[PDB]
Amino acid sequence: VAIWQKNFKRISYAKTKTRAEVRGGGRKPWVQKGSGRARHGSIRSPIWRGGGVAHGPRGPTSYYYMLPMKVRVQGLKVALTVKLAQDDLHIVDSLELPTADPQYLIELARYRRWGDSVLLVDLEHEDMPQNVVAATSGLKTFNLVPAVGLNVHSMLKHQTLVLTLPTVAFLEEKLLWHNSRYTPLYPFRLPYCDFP
Amino acid sequence: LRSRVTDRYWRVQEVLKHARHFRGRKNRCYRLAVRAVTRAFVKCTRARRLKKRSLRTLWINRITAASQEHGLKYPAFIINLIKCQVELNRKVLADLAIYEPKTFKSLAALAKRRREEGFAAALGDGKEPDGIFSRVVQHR
Amino acid sequence: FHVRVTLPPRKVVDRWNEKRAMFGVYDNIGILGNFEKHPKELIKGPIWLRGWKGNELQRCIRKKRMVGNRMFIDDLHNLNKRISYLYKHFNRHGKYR
Amino acid sequence: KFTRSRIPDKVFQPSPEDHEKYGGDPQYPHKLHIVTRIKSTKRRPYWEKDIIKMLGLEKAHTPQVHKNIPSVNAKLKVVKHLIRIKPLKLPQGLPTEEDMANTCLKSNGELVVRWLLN
Amino acid sequence: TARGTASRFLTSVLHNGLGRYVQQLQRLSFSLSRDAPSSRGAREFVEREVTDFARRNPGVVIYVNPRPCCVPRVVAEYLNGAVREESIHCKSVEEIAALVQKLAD
Amino acid sequence: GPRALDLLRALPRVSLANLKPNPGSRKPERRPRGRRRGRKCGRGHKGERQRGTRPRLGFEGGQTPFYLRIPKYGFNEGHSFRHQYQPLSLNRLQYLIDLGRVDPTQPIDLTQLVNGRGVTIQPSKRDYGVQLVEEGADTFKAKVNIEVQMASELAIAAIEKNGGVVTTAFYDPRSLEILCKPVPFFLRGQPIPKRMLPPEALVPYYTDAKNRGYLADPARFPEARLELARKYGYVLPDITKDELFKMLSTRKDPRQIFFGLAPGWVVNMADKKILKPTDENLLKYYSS
Amino acid sequence: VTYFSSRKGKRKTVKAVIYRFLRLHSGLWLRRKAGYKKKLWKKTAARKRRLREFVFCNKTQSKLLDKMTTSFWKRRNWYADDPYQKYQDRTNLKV
RNA sequence: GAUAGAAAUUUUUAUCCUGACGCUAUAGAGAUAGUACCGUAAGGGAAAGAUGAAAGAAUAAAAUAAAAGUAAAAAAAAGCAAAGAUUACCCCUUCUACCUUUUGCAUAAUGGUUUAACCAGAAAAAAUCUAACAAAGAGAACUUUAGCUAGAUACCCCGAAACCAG
RNA sequence: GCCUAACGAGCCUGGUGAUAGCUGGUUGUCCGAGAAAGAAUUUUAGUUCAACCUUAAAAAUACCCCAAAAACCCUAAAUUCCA
RNA sequence: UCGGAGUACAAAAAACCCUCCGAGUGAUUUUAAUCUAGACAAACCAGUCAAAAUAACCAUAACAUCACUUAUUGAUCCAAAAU
Ligand SMILES: [Mg+2]
Ligand SMILES: [Mg+2]
Ligand SMILES: [Mg+2]
Ligand SMILES: [Mg+2]
Ligand SMILES: [Mg+2]
Ligand SMILES: [Mg+2]
Ligand SMILES: [Mg+2]
Ligand SMILES: [Mg+2]
Ligand SMILES: [Mg+2]
Ligand SMILES: [Mg+2]
Ligand SMILES: [Mg+2]
Ligand SMILES: [Mg+2]
Ligand SMILES: [Mg+2]
Ligand SMILES: [Mg+2]
Ligand SMILES: [Mg+2]
Ligand SMILES: [Mg+2]
Ligand SMILES: [Mg+2]
Ligand SMILES: [Mg+2]
Ligand SMILES: [Mg+2]
Ligand SMILES: [Mg+2]
Ligand SMILES: [Mg+2]
Ligand SMILES: [Mg+2]
Ligand SMILES: [Mg+2]
Ligand SMILES: [Mg+2]
Ligand SMILES: [Mg+2]
Ligand SMILES: [Mg+2]
Ligand SMILES: [Mg+2]
Ligand SMILES: [Mg+2]
Ligand SMILES: [Mg+2]
Ligand SMILES: [Mg+2]
Ligand SMILES: [Mg+2]
Ligand SMILES: [Mg+2]
Ligand SMILES: [Mg+2]
Ligand SMILES: [Mg+2]
Ligand SMILES: [Mg+2]
Ligand SMILES: [Mg+2]
Ligand SMILES: [Mg+2]
């Protein structure tokens, strides 16, 4: 999952010009025989100095692949499990903050020995407390993300995870549904019997 | 992603450091040095193999010299030294010849005496008459 | 092989900037969001590569099919030549056949 | 065409003088063969190579013990020009389980059971 | 290559081993890091066997220096005045112990 | 249980610095560099192979190819116009019923089977529905009203011994895809079309009573039921006296697709509404 | 064989193989004997029977036909009253 | 035959979140420039820059003195120029330069004066490995009598006389 | 013959990265095993199979092979099959 | 292109612009079927045999026969046939 999150978003904008795309090189520079030098065709051959590249990178390359659903969900479960097991996962309630001081959070983390980086996870985006928003808008190692923004790469990048209790319930109900679900006859976006 | 080689200096130097004592352009030009270094290493291996043979021949020549200096031929000296259960290799025999003239003369006298003992035994063709130095001792 | 004689300035790059902190944050948007949007919509780039992958010939064909009518003259000609060359090399050339 | 060679039975009919020439017992045959490979299987036919391989004689100048049965005697006759064969001699009898680690094979063709006593 | 490199005769310093044996290794200075993943072998050797080696050989002065370094090194300085610097970069504890014993010997 | 979790406590932090894939999951790629993989780079010596100009697959060097010397014969002749029927075993039907994927209390249709994931139908592959086979007719003990497109006498007898109802109907590909995927059709935004009649090749199959044709004469049905009962030696149950007789007798109109719906209705799922035509011409067309 | 098409970029198939061959789902291929309709008056009854009889293809020709045909022809097929439905599968293959 | 190849019928949700696991002066546009120059013309078409805060600090200051080519410092019997060595540079002994093509090359068969920078393996149908789920698999369309999905394993460069159109 | 220093048919641009069974080249280390040709082919300057061989996986028999056995006017070295 | 003899002496195979015979069909009636084990040969395509069981004649054979009997023959596609 960590490799997939890094790779599937990649589109390499590396395009070099082959011998057919270089400007000139439309005629033979010299006749085949009698000159005494090596035989050549277009002066834009890859052997020549100003010639094109033999293979090189060709056009925008889209590195895109989709891992299966039960592999991505399992990776999320394993990330949560290892974070809990290594004493790096902390459950906080309601994510309330007494003051908008960004330095207060740093002192709280240092006193609780959370580490260098902390990822706070909230349930919703518009329901975030403005105190926490203002506190984490100026901090680098402390990152505030909503419940739909949880990912293995960020969970491994940040040393400590902090989850709100409704977020814990939300993640629980999201991850436990794939254990006993059908294969999608049509995409789960469209209305189902029990699924929204 | 254009990838170029930056340690080409060290790659060339790792080969050129073994060719600095060569003569001509082989000690400077890299194209001429790789072939010279490879042949140098091949010759080094071949000569390491031949060094044992060359030194053995040198030791044999020295043992001869010191043997006909005592009026004894090398094959007779060697066979009669073996017959006396004296298992000294050619290197040690040459060392004794160069640095221990008296010990080498004693060895030559013993080998000769064994030679006349064998000759007398062959002439006599008798089971009972046996020489003093011709007796064979078993392992203990 | 002449290497530079001076040390280059050390590139002081921070691993905790905005992009390196927010990278891949919404990759599980579908999984954790009552499926409404695939991770396809999060792919930013050319129109013909938003959630697609293929070899050079397939990429060229797809590019010509979608944006081929809006191309420039010289790039369209180069694309046609490249398509022809890739077709010929892929179908008539090779070892395993 | 070069093929395998049939050896007539008259070759293996020992003469009365052969026994005292080669130190063999004319009336009890010996029990075991000590077989050593002298020459190489290079420039030799593939069937001879296979016989040498199946006789366990890959490494030259290394003795191997075999039975005195006609089944192995046939192959020994096939490759008899590449090997030296001696009769195994047991002056002190078969080695028991207590003398397995103190045995030796002297070059004269005998197996000593008590070797290097202290 | 003999003709390419230098050569010397079989010699011993101070006619060592004649009157008494003196360990020719004088000091061993390890330079490592506490945060570099490459210095894992050096760190674990320091935790485990540096004390046992020091007790076994009291005639060698052992220095250990943690510092922000990427290539863990060991500098052995002998009674001859000779300084041999070896790299212990990404080697297991068994290999480090073998190298230290070789340097001492 | 999972002692790896306990072992993880002593181990350091799991981060992006220390991540290793499965040993053997990724076979390393080999490039034509070096003494071994260089020197013609695995392409061999001169010829067409090294220069990459060897002929196509079936070509044999001017000789008449094997795939061109064998005479043509009809094997796939009209393969894209032959009707296909996915088989459903009575053992699998029993498995579905007893695991609860499908319920015998309600009428079971191809829609219900698809919803319960018992069968998969691909209309674009010329599939014409689900047929019934008798792989597990020995241990079939469920009383279920089955509607399929093709049925065998043994399967029909096995169902009737328990006391179910078997009926075979026809579906042209459009009505078939609508029935397999009603939800994608309901968000399509079109009224439900009529069910087309079977072609002349299938009219006799659905007009007879022995195969339980949906267009057959219902008064001939008890005769054929009694024939099968006397042939297979099982007592024919009095189905009219069962509590689920209405469910067992629930049918579909030959022009109707679903259960209880009518052709021409628009199912607005957003407002949970049904829009029905009122025009005389529209009603005549939809009921013709 | 077109490994990469020009329009869709997919892998095409040769129509001769599908016209004069039949693939069973077990991996075997079915074909007719060559010359079963030519000069029947000149041939013996046993030879005519051999010509009329169906035959199989070995591993090399089977692999060639698999390479030359797309995976669409390798699907599982349930035809109505299919004569080869009984031959689609393999039984008692101790390998 | 090589090959070509639809359609009926389906899916596609508004805006920002846009920059770069693209190059750094033999690379990246040919470009400092379609300019010099070569051509009657159509046309072809380059190489060239490096101190510093200040050169209104040129009795001007600091880092390499590292490629090939020379000087410091021409050479002393004998030999693919090297190795074994040796107190000692040679002198002694031993090895028929390297790739390519060939049954076979020191061959007097081909290629290269030297240095620097560029210059040549690319595709996932069937299969192996790994992993998820498994009579089911896949984030929509298909495949399924242990199978479906995902990932990793694969297939070069230069060279004609020629043909057509303007 | 000449048609701007090469005319059995000019030069430039484009098709064009024309095509070559033909020649040349194909760039790091080490380790394991390792092949000289039967049949087709406008084919013998090449391809496609078979026999060999390489990496994996299932099994159980595999080479040497005594008798006995393999044609009829004469026929050697010796072959095939098996304990 | 196909067959026979020697080369190729005794299971099989084995080449030359090696030495010789031939074949690209005739005559007659016993007008010589269907289906299927198991085998020969063979790169493939092709060529060969064939036990049991069925239809019609003795109620006991049917391999069509002879000419050195071995060769007397041609693949797809396509055209004409009309089952
Ligand atoms: Mg061009
Ligand atoms: Mg041109
Ligand atoms: Mg020249
Ligand atoms: Mg050209
Ligand atoms: Mg340029
Ligand atoms: Mg360029
Ligand atoms: Mg040795
Ligand atoms: Mg590759
Ligand atoms: Mg490879
Ligand atoms: Mg190679
Ligand atoms: Mg090379
Ligand atoms: Mg060739
Ligand atoms: Mg032909
Ligand atoms: Mg299906
Ligand atoms: Mg043709
Ligand atoms: Mg430039
Ligand atoms: Mg210089
Ligand atoms: Mg000399
Ligand atoms: Mg070559
Ligand atoms: Mg020649
Ligand atoms: Mg060759
Ligand atoms: Mg010559
Ligand atoms: Mg030459
Ligand atoms: Mg030549
Ligand atoms: Mg060359
Ligand atoms: Mg030259
Ligand atoms: Mg694949
Ligand atoms: Mg033409
Ligand atoms: Mg002219
Ligand atoms: Mg070419
Ligand atoms: Mg050719
Ligand atoms: Mg090897
Ligand atoms: Mg060879
Ligand atoms: Mg026998
Ligand atoms: Mg046997
Ligand atoms: Mg056979
Ligand atoms: Mg019969």
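A brief report on the enclosed structure follows.

Structural notes on the overall build of chain B
And then number 1: Secondary structure summary: chain B contains five helices and zero strands in total.
And then number 2: Tracing chain B from N to C terminus, the helices and strands come up as α-α-α-α-α.
And then number 3: In terms of overall dimensions, chain B is more spread out than a globule: its C-alpha atoms have a radius of gyration of 28 Å, far above the 14 Å expected for 140 residues.
And then number 4: With the C-alpha coordinates of chain B rotated into their principal frame, the extents come out at 95 × 35 × 25 Å.
And then number 5: Looking at chain B as a whole, 22% of its 140 residues are labelled buried.
And then number 6: Contacts in chain B between residues far apart in sequence, at least 24 positions, make up 43% of those at least 6 positions apart.
And then number 7: When the accessible area of chain B is evaluated, it comes to approximately 11300 Å², of which 54% is carbon and sulfur surface.

Focus on the overall build of chain F
And then number 1: Per the secondary structure count, chain F includes 13 helices and six strands.
And then number 2: The C-alpha extent of chain F, read off along each of the three principal axes, is 85 × 70 × 55 Å.
And then number 3: Looking at chain F as a whole, 40% of its 288 residues are labelled buried.
And then number 4: Long-range pairs, those at least 24 residues apart, make up 57% of the contacts in chain F with a sequence separation of at least 6.
And then number 5: As displayed, chain F has an accessible area near 17800 Å², and 52% of this comes from carbon and sulfur atoms.

Re the sheet that holds strand β1 (residues 22–23) of chain G
And then number 1: In space, the three strands of this open sheet follow the order β1-β2-β3 (chain G), with antiparallel pairing throughout. Only two strands of the sheet have a single neighbouring strand rather than two, namely β1 and β3 (55–56) of chain G.

Observations regarding the protein's contact with RNA strand I
And then number 1: In the vicinity of RNA strand I there are 41 residues, among which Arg 39 of chain A, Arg 82 of chain C, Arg 6 of chain D together with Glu 48 and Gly 61 of chain F approach most closely.
And then number 2: Within 4 Å of the protein, the contacting atoms of RNA strand I are drawn from sugar and phosphate to the extent of 69%.
And then number 3: In the environment of RNA strand I, a base nitrogen lies 3.1 Å from a nitrogen or oxygen atom belonging to the side chain of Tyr 85 of chain C.
And then number 4: One nitrogen or oxygen atom from the side chain of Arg 33 of chain F is found 2.8 Å from a base oxygen belonging to RNA strand I.
And then number 5: When contributions to the surface near RNA strand I are tallied by element, the ones reaching two or more residues are α3 (73–92) of chain C, α2 (46–54) of chain D together with α2 (34–37) and α3 (48–51) of chain F.
And then number 6: Looking at the surface near RNA strand I, the element that brings in the most residues is α3 of chain C, giving five residues.
And then number 7: In terms of residue class, the surface near RNA strand I is made up of seven nonpolar, 15 polar and 19 charged.

Describing the pairing of strand β1 (residues 32–37) of chain D
All names here are of chain D.
And then number 1: When you tally the buried positions in β1, you get five out of six residues, the bulk of the element.
And then number 2: Bridge count for β1 against strand β2 (residues 64–67) is four bridges, and the pairing is antiparallel. Of the residues in β2, the one forming a bridge with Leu 32 is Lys 67.
And then number 3: One ladder, built from five bridges, connects β1 with strand β3 (residues 83–87); its direction is antiparallel. Looking across to β3, one finds that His 33 is bridged to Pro 87.

Side note on the sheet that holds strand β6 (residues 160–164) of chain A
Residues and elements named next belong to chain A.
And then number 1: Pairing is parallel across the open sheet formed by four strands, whose spatial order is β3-β6-β4-β5. The sheet is open, and its two borders are formed by β3 (89–92) and β5 (142–145), each paired with just one other strand. The average undirected angle you get between the axes of adjacent strands in this sheet is 20°.
And then number 2: With four bridges joining them, strand β4 (residues 118–121) and β5 adopt parallel strand pairing. Residue pairing across strands places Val 118 opposite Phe 142, the latter belonging to β5.
And then number 3: Its contacts with the sheet place helix α6 (residues 165–177) against β3, β4 and β6, and it is angled at close to 95° to β6.

Examining the interface of chain C and chain A
And then number 1: Taken together, the 37 residues of chain C in the interface contact 46 residues of chain A.
And then number 2: The contact between chain C and chain A buries some 3700 Å² in all, and 60% of this surface belongs to carbon and sulfur atoms.
And then number 3: Among the residues chain C hides against chain A, the three largest losses belong to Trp 16, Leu 32 and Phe 35 of chain C. Together they make up 23% of the total.
And then number 4: Taken together, chain C and chain A are joined by one salt bridge.

Concerning the protein's contact with RNA strand J
And then number 1: Around RNA strand J, 24 residues are found, and the nearest of them are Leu 68 and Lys 72 of chain F together with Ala 34, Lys 38 and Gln 61 of chain G.
And then number 2: Sugar and phosphate atoms represent 86% of those atoms of RNA strand J found within 4 Å of the protein.
And then number 3: Measuring from a phosphate oxygen of RNA strand J, one finds a backbone N or O atom of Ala 34 of chain G at 2.5 Å.
And then number 4: The separation between a phosphate oxygen of RNA strand J and a polar side-chain atom of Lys 38 of chain G is 2.5 Å.
And then number 5: Elements with a contribution of two residues or more to the surface near RNA strand J: α4 (66–69) of chain F together with α2 (45–52) of chain G.
And then number 6: With six residues, the single largest contributor to the surface near RNA strand J is α2 of chain G.
And then number 7: Its residues placed into classes, the surface near RNA strand J shows seven nonpolar, four polar and 13 charged.

Examining helix α2 (residues 30–68) of chain B
All names here are of chain B.
And then number 1: For α2, with 39 residues, the first-to-last C-alpha span of 54 Å sits near the 57 Å given by 1.5 Å per residue.
And then number 2: At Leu 50, α2 shows its strongest bend, of approximately 35°.
And then number 3: For α2, every residue scored as buried is listed here: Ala 33, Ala 36, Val 37, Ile 63, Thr 64, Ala 66 and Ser 67.
And then number 4: Against α1 (8–16), α3 (74–83), α4 (90–99) and α5 (101–124) lie the buried residues of α2.

Reading the values: the criteria
- Residues numbered from 1 in each chain as written, not as in the entry; some residues may be left out.
- Chains lettered and ligands numbered in written order.
- Part of a larger assembly, values for the part shown.
- Heavy atoms only, no water.
- Helix = DSSP H or I, 4+ residues; strand = E, 2+ residues; numbered from the N terminus.
- Rg over C-alpha atoms; globule rule 2.2 N^0.38 Å.
- Buried < 20%, exposed > 50% of the residue type's maximum accessible area, 1.4 Å probe, protein only.
- Contact = heavy atoms within 4.5 Å.
- Areas by Shrake-Rupley, 256 points an atom, 1.4 Å probe, with all protein chains shown as cover.
- Pairing = 2+ DSSP bridges.
- Near = heavy atom within 4 Å.
- Polar contact = N/O pair within 3.5 Å; in protein donor to acceptor, adjacent residues only side chain to side chain.
- Nonpolar A, V, L, I, M, F, W, Y, C, P; charged D, E, K, R; others polar.
- Axes fitted to C-alpha atoms, helices over the stretch in contact; angles between N-to-C directions.
- Buried area = accessible area lost by both parts, 1.4 Å probe.
- Salt bridge = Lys/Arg side-chain N within 4 Å of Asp/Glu carboxyl O.
- Expected span 1.5 Å × (residues − 1).
- Bend = angle between axes of the 7 residues up to and from the residue.

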